[PDB]
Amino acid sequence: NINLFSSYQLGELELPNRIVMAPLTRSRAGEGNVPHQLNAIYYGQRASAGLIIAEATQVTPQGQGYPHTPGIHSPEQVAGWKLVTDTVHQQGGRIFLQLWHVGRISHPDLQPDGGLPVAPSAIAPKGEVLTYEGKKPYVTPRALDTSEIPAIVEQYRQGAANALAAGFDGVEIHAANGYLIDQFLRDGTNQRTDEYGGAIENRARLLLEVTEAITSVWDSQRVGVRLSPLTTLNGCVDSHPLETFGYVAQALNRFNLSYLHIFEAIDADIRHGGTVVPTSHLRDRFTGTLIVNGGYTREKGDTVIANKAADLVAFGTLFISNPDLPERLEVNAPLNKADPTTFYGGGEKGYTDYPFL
């Protein structure tokens, strides 16, 4: 008799429901990659979520991969995010910041001094990347030196401390979707021969060291980690995802985190001889709160919470188009249809103008 509307204790935070707004890049940052009042309105409109996870936000300038995503590395960015967290709190909500470093998923045109994007290994992604001059081929990223990995961890640590000064309730470490930490996790993108490559413990080392550093800034119950075991996004694949992600789920127990958040790839069942990483494997392996995500509905989300298969259910696409998604789900209202043409960039249209019930 728990469902999507049941309250939940997440550390010291009292969530009114089990509905989470998934992190959604909207590429609507202002000059200097600073959030602004329109962003504050957008998140304030969605404050009925049990928890909002804000869009991926680069922790350092080299961590940007797409034009006009917000950062959390400068004082102006902290002040713009404070507008957002002030508004969400005024509206009675709770919000965590998703901390990002895109690693190889970038272009020199977006990097300081026009440098190469950094990565575990020098493997160019396939296809094209958007720059300020339009789409261009990806370049081959530079493989970080072993001695540079502490600087990466320290960029995440500072990002987390800036998020604390911005007034967030917590942080989510983006270890999913083929970005930097995921690039280290997966053997398709990591062919290093130091203590950060090879065995799973080595490939997970960057994640674990970033997590340790961030739990020295935040109470650990305010730190979450997102994984996406069966995505193929951004050319980042593991050859043994059950072993890799099962190991990671158990290795994170040390830290007493807020949660583990799993994005279940939408094509996992069909773009496999079935799902090779059942979330139940990770649920067994991680001893804390589990957030699931990917194509959820009222019916699917109620099932997973009733069954104890997950504690929280995050919705991405439906929160783009339904600012009051919890109320709509609760009363079985119609749901507004999301318009992909306004997902990224632009202004209020397709962002703050989806109507309330």
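Just count from 1 along the sequence shown to find any residue number.
A summary of the deposited B-factors shows that, of 138-146 and 275-283, the stretch with the larger mean C-alpha value is 275-283. Between the stretches 204-212 and 234-242, it is 234-242 that shows the larger average CA temperature factor.
Looking at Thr57, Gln62, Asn33, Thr303, the one whose CA carries the top B-factor in the deposited record is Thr303.
Annotation for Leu180, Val171, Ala199, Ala151: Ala199 ranks highest, by Cα B-factor. In this PDB entry, the Cα temperature factor of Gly44 sits in the middle third of its chain's modelled residues. In the deposited entry, the Cα temperature factor of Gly294 sits in the middle third of values across the chain's modelled residues. In this PDB entry, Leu318 carries a Cα temperature factor that places it within the middle third of its chain's modelled residues. In this PDB entry, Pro67 carries a Cα temperature factor that places it within the middle third of its chain's modelled residues.
Among the modelled residues of its chain, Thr193 has a C-alpha B-factor that falls in the highest third according to the deposited record.
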